[PDB]
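Only one structure is covered here, and it is reproduced in the block below.
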Ligand SMILES: Cc1noc(C)c1-c1ccc2c(Nc3ccccc3C(C)(C)C)c(C(=O)O)cnc2n1
């Protein structure tokens, strides 16, 4: 029972929406990040069991990953772009909180975050 359940990718009680900004986040931002050579460790939830990180979910209480973000986008889980941007930010910050500066995973995260920030800089106007 070591890993927690993953973050939800759908919810019957959460209102759903498609916006051009959310479309951009899936088509341009996530797509660009997903194919980056350092993306793979972020493409699914951290498996603290398999990775032998027994304290991971003791430290990180709001886990997030690009696999979850991808599904949320594909499922129209979000109401707005801010919610999705928040998930990306949580993913990166979690990584910086858990690992030490100069760990390879942190360098990988930093590469992805730089690219993330460049793509969301050109987030289009709503509608
Ligand atoms: C993401 C993330 N956030 O915190 C941690 C911790 C991770 C993380 C780190 C490594 C992962 C990983 N491979 C791995 C395992 C041990 C040492 C070094 C690495 C790499 C530098 C190659 C990433 C894998 C994997 O090998 O499948 C998956 N998720 C990981 N998450």
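Miscellaneous remarks
- Extension gain for the segment residue 104 to residue 61, taken as residue separation times 0.36 nm less the Cα-Cα distance, is 13.3 nm to one decimal.
- Three-way shape call for the chain based on the alpha-carbon gyration tensor, with the a/c threshold at 1.5: oblate
- Fluctuation leader among 53, 30, 107 - the chain, Gaussian network, Cα springs under 10 angstrom: 53
- Estimated inter-spin distance, residue 75 and residue 36, nm [label 7 Å along Cα→Cβ]: 2.4 nm
- Computed from Cα positions, the angle between helix 104-120 and the longest principal axis of the chain comes to roughly 10 degrees.
- For segment 15-41 versus segment 42-96, the inter-centroid distance based on Cα atoms is 14 Å.
- Here is how the number arises for the chain: DSSP H runs of 4 or more residues each give -39500 (n - 2.57), the sum is divided by the residue count, and the result at 222 nm is -13000 deg cm²/dmol.
- Virtual spin-label span in nm between residue 19 and residue 44, 7 Å along Cα→Cβ: 3.2 nm
- Sorted by Cβ density within 10 Å, fewest first, the residues 40, 34: 40, 34
- When only Cα pairs below 8 angstrom with a gap of at least 6 residues are kept, the chain shows a relative contact order of 38 percent.
Neighbour counts run over all protein chains shown; Cβ positions are idealised from the backbone, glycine included. None of the figures in this text is laboratory data; all of them are computed from the coordinates on show.
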